[PDB]
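Structure first, commentary second.
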Amino acid sequence: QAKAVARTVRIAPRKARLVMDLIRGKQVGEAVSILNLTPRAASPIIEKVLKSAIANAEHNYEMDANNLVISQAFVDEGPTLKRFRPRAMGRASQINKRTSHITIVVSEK
Amino acid sequence: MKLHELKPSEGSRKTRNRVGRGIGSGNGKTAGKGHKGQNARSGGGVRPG
Amino acid sequence: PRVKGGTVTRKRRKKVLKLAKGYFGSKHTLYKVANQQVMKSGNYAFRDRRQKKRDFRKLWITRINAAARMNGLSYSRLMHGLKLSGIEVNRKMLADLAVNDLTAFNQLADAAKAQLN
Amino acid sequence: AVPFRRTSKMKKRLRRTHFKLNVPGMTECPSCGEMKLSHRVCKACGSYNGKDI
Amino acid sequence: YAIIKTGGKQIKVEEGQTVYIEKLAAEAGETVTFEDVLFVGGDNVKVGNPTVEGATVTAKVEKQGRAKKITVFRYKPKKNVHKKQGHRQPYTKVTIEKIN
Amino acid sequence: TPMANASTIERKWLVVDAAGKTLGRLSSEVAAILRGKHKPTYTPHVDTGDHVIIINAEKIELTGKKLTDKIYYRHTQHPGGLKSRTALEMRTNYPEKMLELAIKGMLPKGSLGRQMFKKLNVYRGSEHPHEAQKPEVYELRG
Amino acid sequence: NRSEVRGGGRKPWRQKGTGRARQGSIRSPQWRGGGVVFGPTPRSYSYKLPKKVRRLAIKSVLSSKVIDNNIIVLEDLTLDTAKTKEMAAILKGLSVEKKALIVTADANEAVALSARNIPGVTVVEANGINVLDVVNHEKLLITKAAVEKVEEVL
RNA sequence: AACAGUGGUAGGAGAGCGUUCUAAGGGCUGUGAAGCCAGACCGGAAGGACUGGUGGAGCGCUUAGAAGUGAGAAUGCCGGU
RNA sequence: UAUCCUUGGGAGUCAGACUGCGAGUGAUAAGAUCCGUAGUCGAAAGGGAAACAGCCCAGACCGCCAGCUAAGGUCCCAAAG
RNA sequence: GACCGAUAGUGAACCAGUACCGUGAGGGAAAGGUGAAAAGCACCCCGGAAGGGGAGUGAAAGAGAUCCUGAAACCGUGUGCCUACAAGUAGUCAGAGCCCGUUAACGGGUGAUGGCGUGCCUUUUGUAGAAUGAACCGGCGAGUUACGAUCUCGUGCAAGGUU
Numbered sequence: 002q003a004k005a006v007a008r009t010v011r012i013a014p015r016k017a018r019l020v021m022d023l024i025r026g027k028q029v030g031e032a033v034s035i036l037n038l039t040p041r042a043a044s045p046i047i048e049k050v051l052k053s054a055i056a057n058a059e060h061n062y063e064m065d066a067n068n069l070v071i072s073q074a075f076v077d078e079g080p081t082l083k084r085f086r087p088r089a090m091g092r093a094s095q096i097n098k099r100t101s102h103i104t105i106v107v108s109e110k
Numbered sequence: 001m002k003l004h005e006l007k008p009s010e011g012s013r014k015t016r017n018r019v020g021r022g023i024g025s026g027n028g029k030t031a032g033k034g035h036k037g038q039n040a041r042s043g044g045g046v047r048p049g
Numbered sequence: 002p003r004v005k006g007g008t009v010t011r012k013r014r015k016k017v018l019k020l021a022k023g024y025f026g027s028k029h030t031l032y033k034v035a036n037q038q039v040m041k042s043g044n045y046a047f048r049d050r051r052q053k054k055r056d057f058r059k060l061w062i063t064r065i066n067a068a069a070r071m072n073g074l075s076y077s078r079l080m081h082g083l084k085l086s087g088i089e090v091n092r093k094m095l096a097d098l099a100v101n102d103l104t105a106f107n108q109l110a111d112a113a114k115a116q117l118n
Numbered sequence: 002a003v004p005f006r007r008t009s010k011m012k013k014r015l016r017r018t019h020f021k022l023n024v025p026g027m028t029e030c031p032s033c034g035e036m037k038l039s040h041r042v043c044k045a046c047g048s049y050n051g052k053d054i
Numbered sequence: 002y003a004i005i006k007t008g009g010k011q012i013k014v015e016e017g018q019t020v021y022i023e024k025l026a027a028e029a030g031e032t033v034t035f036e037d038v039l040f041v042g043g044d045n046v047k048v049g050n051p052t053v054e055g056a057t058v059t060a061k062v063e064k065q066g067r068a069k070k071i072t073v074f075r076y077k078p079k080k081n082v083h084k085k086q087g088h089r090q091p092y093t094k095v096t097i098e099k100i101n
Numbered sequence: 004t005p006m007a008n009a010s011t012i013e014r015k016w017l018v019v020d021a022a023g024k025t026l027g028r029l030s031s032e033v034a035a036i037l038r039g040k041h042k043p044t045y046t047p048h049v050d051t052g053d054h055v056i057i058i059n060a061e062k063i064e065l066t067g068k069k070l071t072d073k074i075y076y077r078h079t080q081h082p083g084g085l086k087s088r089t090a091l092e093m094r095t096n097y098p099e100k101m102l103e104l105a106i107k108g109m110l111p112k113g114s115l116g117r118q119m120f121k122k123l124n125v126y127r128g129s130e131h132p133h134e135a136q137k138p139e140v141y142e143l144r145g
Numbered sequence: 053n054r055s056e057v058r059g060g061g062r063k064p065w066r067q068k069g070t071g072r073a074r075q076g077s078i079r080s081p082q083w084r085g086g087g088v089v090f091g092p093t094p095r096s097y098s099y100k101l102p103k104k105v106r107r108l109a110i111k112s113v114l115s116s117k118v119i120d121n122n123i124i125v126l127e128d129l130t131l132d133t134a135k136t137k138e139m140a141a142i143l144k145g146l147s148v149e150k151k152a153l154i155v156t157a158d159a160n161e162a163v164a165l166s167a168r169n170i171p172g173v174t175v176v177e178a179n180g181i182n183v184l185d186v187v188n189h190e191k192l193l194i195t196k197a198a199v200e201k202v203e204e205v206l
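As you go down the protein sequences, you meet chains W, P, U, f, V, N and G in turn. The first sequence runs 2 to 110 under the deposited numbering. The second sequence runs 1 to 49 under the deposited numbering. The third sequence runs 2 to 118 under the deposited numbering. The fourth sequence runs 2 to 54 under the deposited numbering. The fifth sequence runs 2 to 101 under the deposited numbering. The sixth sequence runs 4 to 145 under the deposited numbering. The seventh sequence runs 53 to 206 under the deposited numbering.
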């Protein structure tokens, strides 16, 4: 089979979770159509890594790109970045610029 | 004697009573000072007479 | 010398958590909330070990009573006849018979019924 | 005006059930094949209803 | 099938059956006769007056063990009381023959 | 180590007439058999009972001035939503439900209690639609 | 101690009004940096016994050595050199394959220069005898001169 | 062996478990140490082993000794989530 | 029937509650207050009293799927007439 | 050195009295570990890059620049069993069905259904308590030391013991 990863990308993981919960277990071409047509911030990232995956398969494994399926696809919360918003009255509020590790695995039928 | 068969005379040695080290000991949560009062405090007491 | 205490605490708490499997979420995931259920489970277990003796007794008795009512008797009247006879077997045996070998139960009940007269 | 208790994972997930995305209403581009929104233009074919812009 | 009284308790038995009971003085391959017997059952029946005469039940041991553990834990809720205690109740494994 | 039944059941169908009977002393038996305490193969958690039919529910009896003075209260979850119905008008308009109420009350509570209630099937008159089940009569010990 | 540690001083925050806990310093033991409560402190673990007892002790252990026959008398240790090969050869001839203690009267410096490079071997005069060395070294070599010395002072 | 007994706060007494270090003696370890994760093992308790996996270099056992010696709570401190 | 006395080491306790009985203050009121006396709780689980610290019965080393009873109960909830 | 071993030990193992705070005196941190050795990833692809997948180096790349191990909280993916007429300090005991097969022993995981059952700590006459405290996990964190007195136990010597 084949794998692709996008490690340490500034985006919240839940949002990516939504976008790939759409496509978990689908053919690659229709999945690309989903990501191209759905209006979310994470679809370009996800189609990017997916396209890299199928490239890895075709180049390093020769697994007949059209005959492919998302075996699995998931997101892992990566290292956040800490920030502070100066709220009223000298108090600050902690801000969690999240980060995600996207992972996709592609196989045949 | 030999350093790897040492032993004392019985009754010469004892284990010291630690406190604040659980309730199975019977000296937990108070170290035998009971509950509140001038005798239960740090530096707590009075002059002897 | 100085003493940290790194491994002991972890080991003990993990032992507790392994005891606390199957509990609802945090009560298997977290140490202390699980501890205070495990402990509670210990008291409940002590209690239930002694309630078994009280529950199976009831069950046996109900079974015996049903069988005696179809034989034409009450539990109380039956067991009085049996103790009066010498048939002090026990209620668990009587129940097992009343389920499996009801003819033997009838034999015994007929003995007691006769000796009530 | 605050949570009297912390919300558990189970109810958190039960709430987030409906929090999800439906797919689009999708169709092909009959001109050059690829997929497309219903009643909308094929960005790559640049076509719609058998007509190019 | 017979009935017996062994350990302040009672057992229903069939021949060739395997049973676990209280501890005994056997030595893991010895034989035993239960004589506090009653309700020979299964066939032509004989009931104990308190007990049916003779009609013993032979058997032999296969194990003299101590069962799975239980950790009775007991705490009075406040008051800082605990008792943690293990228990392996001994037992004796037996195979039956010759109800009489 | 006795038996504890499971899917080894044979639920018969019984029939009971109520031409002159006191519903309490009747119900205290029908519920017992719905629970299965008339059987040696009883277990508390399996519903070993037996199906029951009741006929001529209208024709039950009572003692004393209950028809005039016995009151079935019932509250909604609205304020002042208390309602009351005398045993008499219950008997006339619908005795099915008052029998059901008594028996439900003296049944156990919980899913199992409800499921053994579901075996009950009360009918005004003497019609008994459940011919197909080939039931039999059950006289009352009391 | 919390006094010896640097800083502290100021009440880090007022006693009241905050939701935080009462605290008097950032160096009290609760804290990360913190001052230790009791801990260690320099001292001496030394104590002295009475003379009768200590001499009884050394007598006792010597008695034990002569009992179990890990004692050897050897008059006239004489080394033309200060070498270790000779000493080890001597010990081999005496079947001494383990730790050992060697005793003189007046500090044969040849014997001391030798016998120290060997790990398990130690050398001392009669005046410098211990119980601990005796116990530890498993076997004892003495000159009869040193014997007369120890037995006349004892 | 027999007999009797064994609820328990404050609290008194006694038995022990375990951690770090040291001494001695006897050992393990690149053919895989400690540590970490699993496991349906053992012990009356504290607790202790065994097997497998990770890891990739130090560590147990016995008898004694000495202690910064055991944490579930302080609107505890720090960090993380 | 076995606990009594002395000496010595070490403590904790000095906010008590209800119930029954005898008294006071009170209004012969208080889950009141203050005394005496006995008990229970405190420091005591278990069964009943629906639930229910102080009431009734009764005192827990541990196990057993054995039995006899107390209080209280035996038409169904709920074992037993 | 019967002293610490990166929350310890100097405040400070690293460009620290630094950064930072304060008008000012003054206050005052955090932050160690590639590998034996850079041999630190030629080259091919995806991609605008970042970041990946291969290849190669290396004993090891799951070692790849927060670079030894790498726990828990927390976050997710997949799946064996259960679950949409049921009220329950969330378990315990009994227990069917289903799925597995152990440090091989009256085994393991789930658990329909029945019964019993108002959390932990403190403080209280008494707390499930609508009294207090804890969001959770991890780490740190509290009766010690010197000197002296006294009692017990032990040892040695004893009308003599001791420096």
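The beta carbon of each residue, even a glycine, is placed where N, CA and C say it ideally should be.
Cutoff 9 Å: residue i Cβ touching any chain U Cβ
{"i": "N/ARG144", "result": "yes"}
{"i": "V/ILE100", "result": "no"}
{"i": "V/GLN18", "result": "no"}
{"i": "V/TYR2", "result": "yes"}
{"i": "V/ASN81", "result": "no"}
{"i": "N/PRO111", "result": "no"}
Min CB distance residue i to chain f below 9 Å
{"i": "residue 1 of chain W", "result": "With chain W represented from 2 up to 110, any question about residue 1 of chain W goes unanswered, as that position is not in the structure."}
{"i": "W/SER34", "result": "yes"}
CB of residue i within 9 Å of CB of residue j, strictly
{"i": "N/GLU103", "j": "N/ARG127", "result": "no"}
{"i": "N/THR89", "j": "N/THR71", "result": "yes"}
{"i": "G/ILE170", "j": "G/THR195", "result": "no"}
{"i": "W/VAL50", "j": "W/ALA89", "result": "no"}
{"i": "V/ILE97", "j": "V/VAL58", "result": "yes"}
{"i": "residue 130 of chain W", "j": "W/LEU19", "result": "Given that chain W is displayed from residue 2 to residue 110, the structure contains no residue 130 of chain W and the question cannot be resolved."}
{"i": "N/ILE58", "j": "N/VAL33", "result": "no"}
{"i": "W/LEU23", "j": "f/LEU22", "result": "yes"}
Rounded straight-line distance, which links the Cα of residue j to that of residue i
{"i": "V/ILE5", "j": "V/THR72", "result": "31 Å"}
{"i": "W/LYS4", "j": "W/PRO45", "result": "18 Å"}
{"i": "U/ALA110", "j": "U/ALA68", "result": "9 Å"}
{"i": "N/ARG14", "j": "U/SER77", "result": "28 Å"}
{"i": "V/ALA56", "j": "V/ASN101", "result": "4 Å"}
{"i": "U/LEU95", "j": "V/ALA68", "result": "27 Å"}
{"i": "G/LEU131", "j": "G/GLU200", "result": "22 Å"}
{"i": "f/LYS44", "j": "W/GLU31", "result": "16 Å"}
9 Å Cβ cutoff, residue i in contact with chain V
{"i": "U/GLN108", "result": "yes"}
C-beta neighbour in chain G for residue i, strict 9 Å
{"i": "P/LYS33", "result": "no"}
{"i": "P/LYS7", "result": "no"}
{"i": "residue 68 of chain P", "result": "As displayed, chain P neither begins before 1 nor continues past 49, which places residue 68 of chain P out of reach and without an answer."}
Any chain P beta carbon closer than 9 Å to residue i
{"i": "G/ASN188", "result": "yes"}
Count the C-beta pairs between the stretch 10-27 of chain N and the stretch 80-92 of chain V that are closer than 8 Å, then say yes if the count reaches three, no if not. no
### Message
Just to confirm the assignment: which complete beta strand (DSSP E) runs, minimum length 3, are found wholly within the stretch 29-68 of chain N?
### Response
54-58
Exercise for review: Could you pull out every unbroken alpha helix (DSSP H) segment of at least 4 residues lying fully inside the stretch 88-160 of chain G, listed in chain order?
Suggested key: 103-120, 136-145
Practice prompt. Jot down the residue ranges of each uninterrupted alpha helix (DSSP H) in the stretch 26-83 of chain V, minimum 4 residues, whole runs only, in chain order.
Written response: none
For the structure I just gave you, are there three or more beta carbon pairs, one from the stretch 42-54 of chain V and one from the stretch 84-91 of chain U, closer than 8 Å?
Counting Cβ pairs under 8 Å, three or more are found: they touch.
Pairs of beta-carbons, one from the stretch 87-102 of chain G and one from the stretch 61-75 of chain G, closer than 8 Å: are there three or more?
no
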